[PDB]
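**Q** Just so it is clear, I am handing over model-v3.cif, which has mmCIF, C-alpha atoms (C1' of nucleotides).
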```
data_protein
#
loop_
_atom_site.group_PDB
_atom_site.id
_atom_site.type_symbol
_atom_site.label_atom_id
_atom_site.label_comp_id
_atom_site.auth_asym_id
_atom_site.auth_seq_id
_atom_site.Cartn_x
_atom_site.Cartn_y
_atom_site.Cartn_z
ATOM 1 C CA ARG H 316 133.575 -54.119 158.120
ATOM 2 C CA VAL H 317 136.074 -51.961 156.196
ATOM 3 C CA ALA H 318 138.344 -54.540 154.561
ATOM 4 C CA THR H 319 140.998 -53.967 151.897
ATOM 5 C CA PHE H 320 143.117 -56.665 150.267
ATOM 6 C CA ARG H 321 146.708 -55.456 149.845
ATOM 7 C CA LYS H 322 149.466 -57.587 148.318
ATOM 8 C CA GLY H 323 152.179 -56.250 146.030
ATOM 9 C CA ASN H 324 150.428 -53.893 143.615
ATOM 10 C CA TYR H 325 146.911 -55.369 143.838
ATOM 11 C CA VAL H 326 144.360 -53.437 145.906
ATOM 12 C CA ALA H 327 140.719 -54.508 146.154
ATOM 13 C CA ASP H 328 138.137 -53.754 148.836
ATOM 14 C CA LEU H 329 136.254 -56.715 150.294
ATOM 15 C CA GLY H 330 133.754 -54.574 152.199
ATOM 16 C CA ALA H 331 132.997 -50.929 151.428
ATOM 17 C CA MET H 332 134.599 -48.667 148.829
ATOM 18 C CA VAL H 333 131.710 -47.203 146.816
ATOM 19 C CA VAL H 334 130.583 -43.685 147.721
ATOM 20 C CA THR H 335 126.829 -43.099 147.474
ATOM 21 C CA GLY H 336 127.436 -39.548 146.232
ATOM 22 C CA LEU H 337 129.168 -36.432 147.550
ATOM 23 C CA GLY H 338 126.043 -34.273 147.855
ATOM 24 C CA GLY H 339 125.451 -34.077 151.592
ATOM 25 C CA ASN H 340 127.914 -36.854 152.442
ATOM 26 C CA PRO H 341 130.325 -36.147 155.330
ATOM 27 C CA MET H 342 132.691 -38.496 153.476
ATOM 28 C CA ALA H 343 133.441 -35.569 151.155
ATOM 29 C CA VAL H 344 134.960 -33.851 154.188
ATOM 30 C CA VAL H 345 136.760 -37.131 154.891
ATOM 31 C CA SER H 346 138.068 -37.179 151.316
ATOM 32 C CA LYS H 347 139.354 -33.622 151.790
ATOM 33 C CA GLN H 348 141.026 -34.635 155.079
ATOM 34 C CA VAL H 349 142.333 -38.120 154.195
ATOM 35 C CA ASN H 350 144.265 -38.922 151.005
ATOM 36 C CA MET H 351 141.375 -40.568 149.166
ATOM 37 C CA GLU H 352 141.578 -41.153 145.408
ATOM 38 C CA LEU H 353 137.974 -40.999 144.199
ATOM 39 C CA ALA H 354 137.024 -42.174 140.708
ATOM 40 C CA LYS H 355 133.684 -41.749 138.963
ATOM 41 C CA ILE H 356 131.670 -44.840 138.028
ATOM 42 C CA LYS H 357 130.020 -44.933 134.610
ATOM 43 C CA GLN H 358 126.559 -46.459 134.969
ATOM 44 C CA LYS H 359 126.825 -48.343 131.657
ATOM 45 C CA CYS H 360 126.461 -52.038 132.522
ATOM 46 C CA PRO H 361 125.973 -54.475 129.633
ATOM 47 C CA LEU H 362 124.398 -57.859 130.297
ATOM 48 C CA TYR H 363 125.412 -61.289 129.003
ATOM 49 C CA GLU H 364 123.105 -64.295 129.253
ATOM 50 C "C1'" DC Q 1 86.030 -18.669 97.616
ATOM 51 C "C1'" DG Q 2 85.519 -23.091 95.654
ATOM 52 C "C1'" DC Q 3 82.955 -27.180 94.042
ATOM 53 C "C1'" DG Q 4 79.375 -29.291 91.682
ATOM 54 C "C1'" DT Q 5 75.390 -29.241 88.979
ATOM 55 C "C1'" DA Q 6 71.140 -27.678 86.990
ATOM 56 C "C1'" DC Q 7 69.225 -24.976 83.741
ATOM 57 C "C1'" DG Q 8 70.014 -21.771 79.447
ATOM 58 C "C1'" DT Q 9 70.760 -22.449 74.709
ATOM 59 C "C1'" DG Q 10 70.745 -24.545 70.195
ATOM 60 C "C1'" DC Q 11 68.887 -28.175 66.711
ATOM 61 C "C1'" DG Q 12 66.393 -32.022 64.787
ATOM 62 C "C1'" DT Q 13 62.109 -34.639 65.589
ATOM 63 C "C1'" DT Q 14 57.269 -34.564 66.509
ATOM 64 C "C1'" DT Q 15 52.815 -33.217 68.089
ATOM 65 C "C1'" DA Q 16 48.682 -30.541 67.904
ATOM 66 C "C1'" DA Q 17 47.243 -25.561 68.038
ATOM 67 C "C1'" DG Q 18 45.056 -22.558 64.954
ATOM 68 C "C1'" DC Q 19 42.147 -21.448 60.865
ATOM 69 C "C1'" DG Q 20 37.809 -21.715 58.973
ATOM 70 C "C1'" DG Q 21 34.085 -23.860 56.775
ATOM 71 C "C1'" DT Q 22 29.706 -26.379 57.702
ATOM 72 C "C1'" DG Q 23 25.968 -28.415 59.935
ATOM 73 C "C1'" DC Q 24 22.706 -29.132 64.226
ATOM 74 C "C1'" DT Q 25 20.026 -27.917 67.989
ATOM 75 C "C1'" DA Q 26 20.096 -26.799 72.831
ATOM 76 C "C1'" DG Q 27 19.368 -23.221 75.557
ATOM 77 C "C1'" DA Q 28 19.274 -18.298 76.294
ATOM 78 C "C1'" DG Q 29 16.082 -14.636 75.602
ATOM 79 C "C1'" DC Q 30 11.756 -12.658 74.528
ATOM 80 C "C1'" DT Q 31 6.714 -12.630 75.309
ATOM 81 C "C1'" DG Q 32 1.967 -13.381 77.106
ATOM 82 C "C1'" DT Q 33 -1.183 -14.840 80.772
ATOM 83 C "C1'" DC Q 34 -2.649 -15.484 85.599
ATOM 84 C "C1'" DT Q 35 -1.930 -15.307 90.829
ATOM 85 C "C1'" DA Q 36 0.237 -16.270 94.887
ATOM 86 C "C1'" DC Q 37 2.940 -13.516 97.965
ATOM 87 C "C1'" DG Q 38 4.609 -9.321 99.918
ATOM 88 C "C1'" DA Q 39 3.950 -4.336 101.244
ATOM 89 C "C1'" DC Q 40 1.094 -1.476 104.004
ATOM 90 C "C1'" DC Q 41 -2.195 0.051 107.813
ATOM 91 C "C1'" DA Q 42 -4.453 -0.650 112.263
ATOM 92 C "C1'" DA Q 43 -4.941 -2.726 117.266
ATOM 93 C "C1'" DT Q 44 -3.218 -5.942 120.600
ATOM 94 C "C1'" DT Q 45 0.298 -8.068 123.279
ATOM 95 C "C1'" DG Q 46 4.535 -9.886 125.427
ATOM 96 C "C1'" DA Q 47 9.388 -10.305 124.207
ATOM 97 C "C1'" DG Q 48 13.332 -7.613 124.940
ATOM 98 C "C1'" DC Q 49 15.911 -3.896 127.336
ATOM 99 C "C1'" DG Q 50 17.390 -0.534 131.395
ATOM 100 C "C1'" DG Q 51 18.004 -0.906 136.301
ATOM 101 C "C1'" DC Q 52 19.039 -2.841 140.473
ATOM 102 C "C1'" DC Q 53 21.347 -6.335 143.538
ATOM 103 C "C1'" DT Q 54 23.657 -10.258 145.188
ATOM 104 C "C1'" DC Q 55 27.410 -13.573 144.791
ATOM 105 C "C1'" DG Q 56 30.854 -16.440 143.238
ATOM 106 C "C1'" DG Q 57 34.531 -17.139 139.152
ATOM 107 C "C1'" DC Q 58 38.543 -15.527 138.785
ATOM 108 C "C1'" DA Q 59 42.275 -11.826 139.600
ATOM 109 C "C1'" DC Q 60 46.169 -11.593 143.154
ATOM 110 C "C1'" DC Q 61 49.672 -13.744 145.696
ATOM 111 C "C1'" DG Q 62 53.108 -16.292 148.830
ATOM 112 C "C1'" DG Q 63 54.895 -20.863 149.413
ATOM 113 C "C1'" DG Q 64 56.387 -25.340 147.284
ATOM 114 C "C1'" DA Q 65 57.263 -28.359 143.453
ATOM 115 C "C1'" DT Q 66 59.448 -28.880 139.096
ATOM 116 C "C1'" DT Q 67 61.623 -28.410 134.835
ATOM 117 C "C1'" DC Q 68 64.568 -26.974 132.204
ATOM 118 C "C1'" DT Q 69 69.645 -24.003 131.485
ATOM 119 C "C1'" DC Q 70 74.187 -23.520 131.820
ATOM 120 C "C1'" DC Q 71 78.794 -24.654 133.218
ATOM 121 C "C1'" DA Q 72 82.454 -26.283 135.455
ATOM 122 C "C1'" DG Q 73 85.704 -29.419 136.890
ATOM 123 C "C1'" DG Q 74 88.392 -33.692 136.552
ATOM 124 C "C1'" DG Q 75 90.803 -36.806 133.641
ATOM 125 C "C1'" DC Q 76 93.962 -37.825 129.886
ATOM 126 C "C1'" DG Q 77 96.935 -37.043 126.310
ATOM 127 C "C1'" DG Q 78 100.571 -34.094 124.253
ATOM 128 C "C1'" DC Q 79 104.393 -30.908 124.335
ATOM 129 C "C1'" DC Q 80 108.075 -28.578 126.257
ATOM 130 C "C1'" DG Q 81 111.820 -28.389 129.543
ATOM 131 C "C1'" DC Q 82 115.300 -28.769 133.552
ATOM 132 C "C1'" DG Q 83 118.480 -31.856 135.304
ATOM 133 C "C1'" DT Q 84 121.621 -35.559 135.128
ATOM 134 C "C1'" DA Q 85 124.408 -38.605 132.879
ATOM 135 C "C1'" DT Q 86 127.511 -40.279 129.285
ATOM 136 C "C1'" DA Q 87 130.431 -40.056 125.493
ATOM 137 C "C1'" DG Q 88 133.720 -37.437 122.981
ATOM 138 C "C1'" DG Q 89 137.396 -34.288 122.567
ATOM 139 C "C1'" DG Q 90 141.185 -31.775 124.379
ATOM 140 C "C1'" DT Q 91 144.925 -31.207 127.341
ATOM 141 C "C1'" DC Q 92 148.673 -32.660 130.501
ATOM 142 C "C1'" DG Q 93 151.962 -35.934 132.233
ATOM 143 C "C1'" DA Q 94 154.963 -39.857 131.727
ATOM 144 C "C1'" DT Q 95 157.873 -43.018 129.306
#
```
Step by step, read the file and then write its structure as structure tokens.

**A**
Amino acid sequence: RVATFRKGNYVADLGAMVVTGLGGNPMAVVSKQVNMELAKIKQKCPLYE
DNA sequence: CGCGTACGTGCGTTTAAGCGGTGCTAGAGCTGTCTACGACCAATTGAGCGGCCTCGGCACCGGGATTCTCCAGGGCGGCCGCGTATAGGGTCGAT
């Protein structure tokens, strides 16, 4: 259930890619062990009807 | 200390208090007679007071009912505040 689409320069995850936070997450250890490029997500989400 | 008003003060208008002069008689005050009522004395009698006793109306109280007295706590709104997020600026790397 970890699926990543890879073709040319396009990379998009079809399953899981969003961290639920680093506080108390063993994935932070994983990110320090495996070359993970983590990017913060701004919670601003406008809505269009 | 501050606000609001009610009473002091002045003036023009208006009422009756005061003066006093005069006349009338009602009622106070004086007087003269006659007596009904009160003081005063004596003898008799019971109404009123000290004493003595018994007894219950109320002082005393422990329990129970009540009638106030005070407050205390929970809820609800406001104000401040710690944490997280988000935008902005600055810095570093790449073209």

**Q** If the PyMOL selection byres ((chain Q) within 12 of (chain H)) were run on this exact file, what residues would it hold? Put them as a compact mmCIF listing (two decimals) with C-alpha atoms (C1' of nucleotides), in the frame of the given file.

**A**
```txt
# COMPACT_ATOMS: atom_id res chain seq x y z
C1' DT Q 84 121.62 -35.56 135.13
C1' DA Q 85 124.41 -38.60 132.88
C1' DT Q 86 127.51 -40.28 129.28
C1' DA Q 87 130.43 -40.06 125.49
```

**Q** Quick one: distance from atom CA of residue H:343 to atom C1' of residue Q:83 in Å, one decimal?

**A**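 Atom CA of residue H:343 sits 22.1 Å away from atom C1' of residue Q:83.
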
**Q** Atom CA of residue H:350 and atom CA of residue H:337, how far apart in Å?

**A**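 Computed distance, atom CA of residue H:337 to atom CA of residue H:350, equals 15.7 Å.
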
**Q** Just want the 12 Å neighbourhood of residue H:331, counted on all atoms listed in the file, with same-chain residues fewer than 3 positions away dropped. Output as a list in words.

**A**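 Contacts, in chain order: residues 316, 317, 318, 319, 320, 327, 328, 334 and 335 of chain H.
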